[PDB]
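Undergrad: Structure provided below as structure tokens; questions to follow.
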Amino acid sequence: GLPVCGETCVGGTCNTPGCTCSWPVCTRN
């Protein structure tokens, strides 16, 4: 739930391990 992945996901997918797309920002927990 936290935007601490240093990654955006405009296209809908995140590449950082443990991160998922809270569109359009990658989040972890």
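By convention in this document, the chains of the structure tokens carry letters A, B, ... by their order, each chain's residues are numbered from 1, and ligands are numbered from 1 in the order they are shown.
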When DSSP is applied to the backbone of this structure, which of chain A are assigned strand (DSSP E or B)? Write them out as a PyMOL selection string.
TA: chain A and resi 2+8+20-22+25-28
Undergrad: I need the residues from that last selection saved to file as a PDB file, in the first residue's frame (with N, CA and C atoms), if you can.
TA:
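Generated file (again13.pdb):
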```pdb
ATOM      1  N   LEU A   2       2.150   1.136   0.014  1.00  0.00           N
ATOM      2  CA  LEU A   2       3.038   2.292   0.112  1.00  0.00           C
ATOM      3  C   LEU A   2       3.812   2.506  -1.187  1.00  0.00           C
ATOM      4  N   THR A   8       6.655   3.796 -11.475  1.00  0.00           N
ATOM      5  CA  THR A   8       5.270   4.033 -11.869  1.00  0.00           C
ATOM      6  C   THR A   8       4.824   2.906 -12.778  1.00  0.00           C
ATOM      7  N   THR A  20       3.275  -4.067  -6.732  1.00  0.00           N
ATOM      8  CA  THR A  20       2.138  -4.281  -7.633  1.00  0.00           C
ATOM      9  C   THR A  20       1.546  -2.947  -8.031  1.00  0.00           C
ATOM     10  N   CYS A  21       0.725  -2.944  -9.082  1.00  0.00           N
ATOM     11  CA  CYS A  21       0.221  -1.682  -9.625  1.00  0.00           C
ATOM     12  C   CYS A  21      -1.046  -1.123  -8.981  1.00  0.00           C
ATOM     13  N   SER A  22      -0.872  -0.102  -8.147  1.00  0.00           N
ATOM     14  CA  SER A  22      -1.990   0.692  -7.654  1.00  0.00           C
ATOM     15  C   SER A  22      -2.117   1.839  -8.643  1.00  0.00           C
ATOM     16  N   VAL A  25       0.663   4.000  -9.862  1.00  0.00           N
ATOM     17  CA  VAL A  25       1.874   4.010  -9.034  1.00  0.00           C
ATOM     18  C   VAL A  25       2.132   2.620  -8.460  1.00  0.00           C
ATOM     19  N   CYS A  26       3.374   2.150  -8.534  1.00  0.00           N
ATOM     20  CA  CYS A  26       3.715   0.869  -7.938  1.00  0.00           C
ATOM     21  C   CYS A  26       3.774   0.993  -6.427  1.00  0.00           C
ATOM     22  N   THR A  27       3.167   0.032  -5.743  1.00  0.00           N
ATOM     23  CA  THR A  27       3.140   0.056  -4.286  1.00  0.00           C
ATOM     24  C   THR A  27       3.607  -1.270  -3.705  1.00  0.00           C
ATOM     25  N   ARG A  28       4.072  -1.206  -2.461  1.00  0.00           N
ATOM     26  CA  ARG A  28       4.439  -2.396  -1.705  1.00  0.00           C
ATOM     27  C   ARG A  28       3.670  -2.296  -0.390  1.00  0.00           C
TER      28      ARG A  28
END
```
Undergrad: At what distance in Å, to one decimal, does CA of residue 5 (chain A) lie from CA of residue 19 (chain A)?
TA: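 About the pair CA of residue 19 (chain A) and CA of residue 5 (chain A): they are 6.5 Å apart.
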